[PDB]
């Protein structure tokens, strides 16, 4: 029986992966040709967004100009989208994952497998946790992970890229690779899911810093320095936060050095951070004016990491991460991004 795929989310990345999945499932027996996608209903240009997608095959708000396959069906009722799904693709901004999980918690088939593409970490009453763990604890299903150098708009343009699937049960990781891989979307599967997921979260901190330096007209040598110092802070953080071993090797997968590079040159965090450094407006204000409903995560993540590093007594060892937080939230002059590199 062909495997029914359901996409929870439909934003910039959500839509680009719906395009990928739509065309892939059409050419494999293993996967059901109809792909259900949950769309948080919005009215755009006087019309329900689900209707725009189903009738015109385009998410006009979050992926303008890119046609989606007709076999992707938008759905406003999360429950109806979820029931009967064999594969669940969680591709939604971190700040909505809680409300979505405990809406479908126990209304999904017991045997189903999920993959999370969400970049962020969850701060809750029990502390800092991987988003994947929240989905595990609340859904009771196996969860793999997909993180890589995947700027959505370039993927939708069918430009070559790579990504990393992390999966503690390797056969599940390989199934998702069959679902998602493309000649221009090359996938490596590794077992260290936590380090893969954590890379995708932390890299957005470094992108905000990188964007600040662009605001100061610093150039390529400085940005490379920021990327490199940032990567070292990512590894050092993982060694502390992570359960058991953490191999440097994982940081050389797409999820690590590669995602850090594209995000710091072409990501949305970078662009808003540069605007912050030049205009003196607030992040929140710039987010609303610049991104047409799309969601940053770099600053929020910087705040969560800063808190845990402060609790652990370790801020002095993480000058780059702490600088990004203090410039975002505590009025530290943006010029001091340069300062914390120097010493």
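Positions refer to the first chain, counted from 1.
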Q) Out of 92-100 and 244-252, which stretch has the higher average CA B-factor listed in the record? A) 92-100
Q.
Please compare 35-43 with 274-282 and name the stretch with the higher mean C-alpha B-factor in the deposited structure.
A. 35-43
Q. Looking at 268, 223, 203, 239, which has the biggest Cα B factor in the entry?
A. 239
Q | residue 228 - Cα temperature factor, lowest/middle/highest third of chain | A | lowest
Q | residue 293 CA temperature factor, ranked by third within the chain | A | lowest
Q: Can you work out whether the C-alpha temperature factor of residue 316 puts it in the lowest, middle or highest third of the chain?
A: lowest
Q: Check where residue 80 lands among this chain's C-alpha B-factors and tell me if it's the lowest, middle or highest third.
A: highest
(Q) Ranking every modelled residue in this chain by its Cα temperature factor as given in the entry, which third contains residue 74? (A) highest
